[PDB]
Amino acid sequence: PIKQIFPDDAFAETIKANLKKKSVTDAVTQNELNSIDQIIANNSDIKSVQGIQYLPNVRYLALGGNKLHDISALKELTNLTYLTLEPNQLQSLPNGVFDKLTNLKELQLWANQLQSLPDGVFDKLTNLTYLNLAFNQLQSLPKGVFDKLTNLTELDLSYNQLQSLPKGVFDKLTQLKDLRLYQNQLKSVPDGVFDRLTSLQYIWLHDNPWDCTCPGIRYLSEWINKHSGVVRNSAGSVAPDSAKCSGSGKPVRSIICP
């Protein structure tokens, strides 16, 4: 019966509802299990997804909530294409969680009590077109963190506490069109940081306390002037002036160095 296969109480209700069953004590066929390809269970009371490994064809998964820590059983869903993972209280990603999930296109990972991303964590996800690591409370990114993600067209790093970016962080992302850095603590970026992004259509830089002392601000200031169309406001509209210096409130791109 379902409750045997899926020992977590809330995860058993998710599956029961997913299959149109009458109780968590109902038996399930090999057909029913074989044919679930989408599970929707964000903001749930699930603590463990043990049993999920009996659901080989899940392509679409949304999973998350206050009580969740045990996601070890995700590792062998080699068909997972779209994954949204929100373990509110979780502190450590299990060693190599994403290593066998190479068909992943879209990954949203919102795990705010985690604070540090382990290096290598995204190295096997070469088919990612879209990565969202908003709402974590990241103070820094590890070096090389996005390097294998050659196929990314959308990357969202907003609502973090990023104080600086690693030199070269976006250097391998030549297909990137959309890059979100708003609502962090950027004082600056490294010289060259956007130079390789020749496909960039949209960037958002507003709601960072930028430091506008010369000569440091030079690169960013000139960058914003020379891609005045890419730079967008919160309403998605063109707004080169949305990037603003702390204290003073001047537009970053209004700063000209000797």
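When you see a residue number, it is the position in the sequence shown, counting from 1.
Taking only CA atoms, the mean B-factor in the PDB entry is higher for 169-177 than for the other of 169-177 and 153-161. Per-stretch averaging of Cα B factors for 49-57 and 189-197 places 189-197 on top. Highest CA B-factor among the listed residues (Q108, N103, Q113, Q183): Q113. Considering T81, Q137, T84, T126 together, the PDB entry gives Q137 the largest C-alpha B factor. Among the modelled residues of its chain, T14 has a C-alpha B-factor that falls in the lowest third according to the deposited record.
When the modelled residues of the chain are ordered by C-alpha B-factor, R232 sits in the middle third. In the deposited entry, the Cα temperature factor of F98 places it in the highest third of its chain's modelled residues. Among the modelled residues of the chain, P7 sits in the lowest third by CA temperature factor in this PDB entry. Ranked by C-alpha B-factor against the other modelled residues of its chain, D211 falls in the highest third.
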